[PDB]
Structures are given as C-alpha cells and as structure tokens.
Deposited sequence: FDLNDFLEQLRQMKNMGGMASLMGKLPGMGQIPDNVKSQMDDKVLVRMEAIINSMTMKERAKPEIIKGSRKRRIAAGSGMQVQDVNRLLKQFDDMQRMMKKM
C-alpha cells in the first residue's frame, strides 16, 4: 500500500491536487517526504505545507491500518 493505492481511494479534490504534485518515487516511498520536498508539494498544489502534512498524516493513518490489517 502506497501513495498510489491510497490515491485509488468536496475536499477529496485536494487530496489529489497534492499527490498529483509528487514524483513516482515519493508516491512509491513517502518516508522521504521532507521539508524541502514538502515545501515543493504545497506550492505545487497551491496548498499550505500544513495541508500536505495533514494529507501525509491521513495516508499515514491508513498505511498503519494496512500494516496491521
């Protein structure tokens, strides 16, 4: 399960805008989505970093349920 599968799954519109701003590698391994990258992603999808951060936490929450389902 990754930022892609999670993408498979209104405010949802922006759940995209964000992910749509990433790289196949980021989607393939979020555990590297640091500040520099974040900052990029936020402005990428006209969001605030804390928006990205949240979306990271959200998927995080599910990735969890996945790594324990």
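Asker: When the deposited sequence is counted from residue 1, which ranges lack any model?
Answerer: That stretch is 10-42, the only one.
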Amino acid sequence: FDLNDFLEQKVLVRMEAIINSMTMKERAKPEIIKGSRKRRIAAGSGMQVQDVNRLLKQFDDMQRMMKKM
From here on, numbers count along this sequence of modelled residues.
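Asker: Which has higher Cα B-factors on average according to the PDB entry: 18-26 or 49-57?
Answerer: Taking the mean C-alpha B-factor of 49-57 and of 18-26, the larger value falls to 49-57.
Asker: Going by the entry, which third of its chain does the Cα temperature factor of residue 3 land in?
Answerer: Ranked within chain, residue 3 CA B lands in the lowest tercile.
Asker: Among all modelled residues of this chain, ranked by Cα B factor, put residue 42 in the bottom, middle or top third, i.e. lowest, middle or highest.
Answerer: Bottom third by C-alpha B-factor.
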